[PDB]
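Heads up: the structure comes next, in structure tokens.
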Amino acid sequence: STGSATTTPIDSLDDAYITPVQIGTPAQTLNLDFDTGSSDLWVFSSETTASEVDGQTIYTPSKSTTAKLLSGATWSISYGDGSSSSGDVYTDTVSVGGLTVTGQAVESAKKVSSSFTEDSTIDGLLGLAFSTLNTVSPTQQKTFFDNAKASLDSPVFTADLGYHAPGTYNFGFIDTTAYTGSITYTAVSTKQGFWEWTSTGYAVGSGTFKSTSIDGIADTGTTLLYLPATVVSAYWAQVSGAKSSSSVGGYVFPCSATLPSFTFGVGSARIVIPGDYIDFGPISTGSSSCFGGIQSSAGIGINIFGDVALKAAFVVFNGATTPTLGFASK
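Going by PDB author numbering, the letters in the sequence shown line up with residues 1 to 330, in that order.
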């Protein structure tokens, strides 16, 4: 089997991407944030504290004839950005782009943090990291991909995120028309539960490529590109007037600037992030100070190849017995 679904930016900055997901019988369609950095499929629901729901579409398990309460199971998750959610668990039928999994754990939120409430466009998350990170207790549950894997034509999914435009998540096949040149595959460590790999280096603009190993994670659920302070300083040094602002919380730059591209290595291959992908707009409405899309990972504890990086590529998440990651230009 295969599936194919369009993923759509939630706003004009590509702060996140939402993908429609059918849950239950009859289907209840929710727009979920596909997150290769976590491993829970959780949703706003009829059980969510009412004051914490503000415009989201909810899953109502009592209206699904295939929903079953997973007795005694609870979940609770905290994300790198400080947000969190928790609740109980149902199993139900879940379909993405025509690919159906029966018995999928659907984690129903009883509580969500303010950042989730305040984002009316995201109805929940669909985790696509390794199932070892799933938070369901006392019996850990499998991701949608893990459940689908054996049935797929090939045990893979691909992320093709757009810049200021829709893109595609495919399951079970590689669309050879969706990229240029070849896909370069690179080793993955699953030791921390992530799609963790090592970039071979970087360049700023038309500058010389610096060969250096950068361990990090391919994370569709993180907006920006978080890299070591040395790398980030070298990038922003090429933007006149750019500076790190502790009050704002990272590098800012004059909105009048033209940003240089940023290149990262994948083996001997090179992925080029155009400068415009690195612009996240005014820090506050009407400001002429703009927020940068490349930021320091210092104090995160890990480098993160988030959407800024991934949307410059066609990315293969190869869930073979020994997982790997593939990157192509597009």
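Cβ coordinates follow ideal geometry from the N, Cα and C atoms, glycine included.
Legend entry - Inter-residue Cα distance where the pair is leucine 32 and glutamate 118: 15 Å
Legend entry - Nearest to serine 62 (by Cα), restricted to the options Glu52, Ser199, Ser46 and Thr74: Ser46
Inset, instruction - Pull up the distance between the alpha-carbon of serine 51 and that of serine 115, whole angstroms please. - result: Straight-line Cα distance between these residues: approximately 13 Å.
Legend entry - Minimum C-alpha distance to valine 21 - residue among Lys142, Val101 and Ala269: The shortest C-alpha separation from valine 21 is found at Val101.
Legend entry - Beta-carbon spacing of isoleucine 214, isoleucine 302 below 8 Å: no
Legend entry - Residue nearest to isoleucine 271 in terms of C-alpha spacing, selected from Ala203, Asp81, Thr285 and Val43: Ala203
Inset, instruction - Check whether the Cβ atoms of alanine 178 and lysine 330 lie closer than 8 Å to each other. - result: yes
Legend entry - Counted within 10 angstroms of its Cβ, other Cβ atoms place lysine 142 as buried (16 or more) or exposed: buried
Legend entry - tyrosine 59 beta carbon less than 8 Å from that of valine 106: Their beta carbons are under 8 Å apart, which means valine 106 touches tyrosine 59 by this criterion.
Legend entry - Nearest to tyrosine 90 (by Cα), restricted to the options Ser84, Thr65 and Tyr79: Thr65
Inset, instruction - Leaving aside the five residues before and after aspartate 35 along the sequence, list all residues of the same chain whose C-beta is less than 8 Å from its C-beta, in chain order. - result: Correct list, in chain order: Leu125, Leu126, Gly127, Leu128, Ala129, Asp219, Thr220 and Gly221.
Inset, instruction - Using 10 angstroms around the beta-carbon of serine 38, count the other beta-carbons present and answer buried if the total reaches 16, otherwise exposed. - result: buried
Inset, instruction - Check whether the Cβ atoms of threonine 190 and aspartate 40 sit closer than 8 Å, and answer yes or no. - result: no
Inset, instruction - Please go through the same chain and pick out, in chain order, the residues whose beta-carbon is closer than 6 Å to the beta-carbon of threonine 48, but skip the five residues on each side of it. - result: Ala109
Legend entry - alpha helix (DSSP H) runs contained entirely in the region 116-180, provided each spans 4 or more residues: For the region 116-180, whole alpha helix (DSSP H) runs of length 4 or above, ordered along the chain, are 144-148.
Legend entry - For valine 308, the three-state DSSP class (helix, strand or coil): Correct three-state label for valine 308: helix.
Legend entry - Selected residue, minimal CA-CA separation from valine 232, among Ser268, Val156, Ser83 and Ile278: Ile278
Legend entry - Residues near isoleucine 300 by beta carbon distance below 7 Å, same chain, minus five either side: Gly80 and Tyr226
Inset, instruction - Ignore the nearest five residues each way along the sequence and tell me which others in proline 282's own chain have a CB closer than 8 Å to its CB. - result: Counting only residues of its own chain and dropping the five nearest sequence neighbours on each side, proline 282 has a CB closer than 8 Å to the CB of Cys255, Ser288, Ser289, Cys290 and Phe291.
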